[PDB]
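Heads up, the chain below is alone and in the form deposited in one PDB entry; it's given as structure tokens.
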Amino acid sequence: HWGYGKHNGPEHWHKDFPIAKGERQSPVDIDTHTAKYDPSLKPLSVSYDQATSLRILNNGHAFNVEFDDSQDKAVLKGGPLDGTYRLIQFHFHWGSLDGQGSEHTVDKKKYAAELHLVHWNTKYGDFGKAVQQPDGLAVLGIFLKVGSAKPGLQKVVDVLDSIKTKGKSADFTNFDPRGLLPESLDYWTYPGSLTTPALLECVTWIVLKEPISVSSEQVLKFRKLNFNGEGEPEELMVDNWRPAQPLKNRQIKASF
């Protein structure tokens, strides 16, 4: 199957997943001078105070932190969205070096990593249903740059040792996502897709202007994860990002 290697990387995904060369693929390059300032755009509403983290798992391509989405516990609303979207999981994409790792680019600038908080539209009842609609998902993307340590990320970092290989999971309760948000909620938004197979075109992307800073030690720890399963040859989990895709007519609107 698919990966980020020489023989199964992004350039090969189209073979199993034809939609890889569809009309609304992600990520893209955000050209700040071409983005349209839209004054009709409402402020984002992030309601994560009653979030319920359950666990963390190494799925062989990233590590997912999962949340209880059986009720409106952690939700996203406002901004470009109509209705309420529930948080289901967050994950990151990171590089082998500090100069790469992000999926979206800003004026061709690459960040060290990118945080994706994934939410599904409650009018669809379940995640599986929401991935059948063009307005099924909303992904909140936050860039990471190397500098000062992010206190709020430390809890995730310390548990990576326990889920080093593909298929390993750990109980991960009482984790507050609010510690991973930047000061400002200014954003760019555009209609896209999931950045991993099945590359479904169901996402409303909200990418935050303001990056969060994390320390070299913190991102270092991400780089120690393995794509492989226990008892298998070691393949470091690095560079698990997809290159920018053709914008193809779409328009990127700015909230600022």
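One-based numbering along the sequence shown.
Missing here is the form deposited with a small molecule bound; even so, the following discussion is about that form.
Between the small molecule and the residues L185, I88, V146, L81, the one pair within 4.5 Å by heavy atoms in the bound PDB entry involves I88. Contact check for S193: a heavy atom falls within 4.5 Å of the small molecule in the bound PDB entry. In the bound PDB entry, no heavy atom of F222 sits within 4.5 Å of the small molecule. Using a 4.5 angstroms limit between non-hydrogen atoms, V139 touches the small molecule in the bound PDB entry. In the bound PDB entry, no heavy atom of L76 sits within 4.5 Å of the small molecule.
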